[PDB]
């Protein structure tokens, strides 16, 4: 659930943009990074992906390959290049505030929904 104090665009950046950061991370990266998200949530988010490119690279995906959204609703775009991502997966038995995560680096195209003025990512697809 998006905290009401954040726009869709702000919440996307909080959850998914680690702007201009190292693609390689420690194995504790996700456990530490997810606290900022889960502090606003009722229960630990089960999976989450962070992108490491500079912010403007992620915003540029809104001007790259148009594709259909998974839900069929909205304007979705696939990145021209593979992004540097980190996938976070909640460990079994975790219960807030004891949320620990597996950390997995990766390099793949991302798909985002874009909306608004400015026209920026609002949903990781």
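Residue numbers count along the first chain shown, from 1.
Engineer: On average, are the C-alpha B-factors higher in 20-28 or in 113-121?
Structural biologist: Taking the mean C-alpha B-factor of 20-28 and of 113-121, the larger value falls to 20-28.
Engineer: When the Cα temperature factors in the entry are averaged, is it 97-105 or 10-18 that ends up higher?
Structural biologist: It is 97-105 that shows the higher mean C-alpha B-factor.
Engineer: Which of these, 35, 80, 43, 52, has its C-alpha atom at the highest B-factor, as the entry lists it?
Structural biologist: Across 35, 80, 43, 52, the entry lists the biggest C-alpha B-factor for 43.
Engineer: Can you tell me which of 59, 92, 39, 64 has the highest Cα temperature factor in the record?
Structural biologist: Of 59, 92, 39, 64, 92 has the highest C-alpha B-factor.
Engineer: Would you please rank residue 47 by its C-alpha temperature factor against the other modelled residues of its chain and give the third it falls in: lowest, middle or highest?
Structural biologist: Ranked within chain, residue 47 CA B lands in the middle tercile.
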